[PDB]
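Which chain is which? The protein sequence lines are C and P, in order.
Residue numbers for the first sequence follow full-length UniProt numbering, so the first one is 188 and each next one is one higher.
Residue numbers for the second sequence follow full-length UniProt numbering, so the first one is 303 and each next one is one higher.
Just so it is clear, CB atoms sit at the ideal spot from N, CA and C, and this is done for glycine as well.
Have a look at the structure below, then the notes.
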Amino acid sequence: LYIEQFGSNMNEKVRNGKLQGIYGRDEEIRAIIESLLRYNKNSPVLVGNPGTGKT
Amino acid sequence: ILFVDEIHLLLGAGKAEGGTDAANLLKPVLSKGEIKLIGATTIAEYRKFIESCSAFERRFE
Ligand SMILES: Nc1ncnc2c1ncn2[C@@H]1O[C@H](COP(=O)(O)OP(=O)(O)OP(O)(O)=S)[C@@H](O)[C@H]1O
């Protein structure tokens with residue numbers, strides 16, 4: 188129902204196919220997802236050496 | 303095509319409310335090849351950008 192464009196949409200831009208096919212660090216991805224399903228803490232932060240992929 | 307006389311007048315100087323500062327945008331934009339600027343700085347003063355936050359280091363060339 189919300190406008191949703193106060194920041195920027197992220198799903199629909201990859202639905203356009205602009206950011207398809209990312210080589211993945213699968214142990215890193217699941218580190219997010221397991222932090223995402225917790226009852227209490229629900230906020231991961233990708234702290235990293237600035238050169239690497241964060242976005 | 304964009305040109306900058308001194309990038310120090312963009313990041314070293316500038317209010318947040320007066321325009322682009324170190325805390326404004328174009329930081330996560332200049333990952334992408336969307337915007338094409340051409341700057342001009344001097345070396346020993348360009349070392350302030352490295353010691354400022356060490357984040358423009360891999361966005362400019
Ligand atoms: N795993 C990856 N696969 C492909 N390209 C990658 C990957 N990680 C980073 N990149 C490239 O890195 C560039 C963007 O820089 P990134 O470091 O990814 O951005 P970032 O992680 O947010 O670092 P900051 O925060 O912008 S300084 C783009 O050219 C991406 O294609």
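By the criterion of Cβ-Cβ separation under 8 Å, what are the contact partners of residue i in chain P?
i	result
C:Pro237	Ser356, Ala357, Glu359 and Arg360
Assuming residue i contacts residue j (C-beta within less than 8 Å), just tell me the rounded distance between them.
i	j	result
C:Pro237	P:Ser356	6 Å
P:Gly320	P:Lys350	Wrong, their Cβ atoms sit about 20 Å apart, outside the cutoff.
Please report the straight-line C-alpha distance between residue i and residue j, rounded to a whole angstrom.
i	j	result
P:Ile337	C:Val232	28 Å
C:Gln192	C:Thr242	19 Å
P:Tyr348	C:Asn227	45 Å
C:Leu223	C:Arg217	9 Å
C:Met197	C:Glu214	22 Å
C:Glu221	C:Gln207	23 Å
C:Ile209	P:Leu328	24 Å
P:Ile309	P:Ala346	13 Å
P:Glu363	C:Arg225	42 Å
C:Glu199	P:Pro330	19 Å
Excluding five sequence neighbours on each side, which residues of the same chain lie with their C-beta closer than 8 Å to the C-beta of residue i?
i	result
P:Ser333	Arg361
P:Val306	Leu312, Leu339, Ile340, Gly341 and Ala342
For residue i, which residues in the same chain have their Cβ closer than 7 Å to its Cβ, ignoring the five residues on either side in sequence?
i	result
P:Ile352	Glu359
P:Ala325	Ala318
C:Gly235	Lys241
C:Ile219	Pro231
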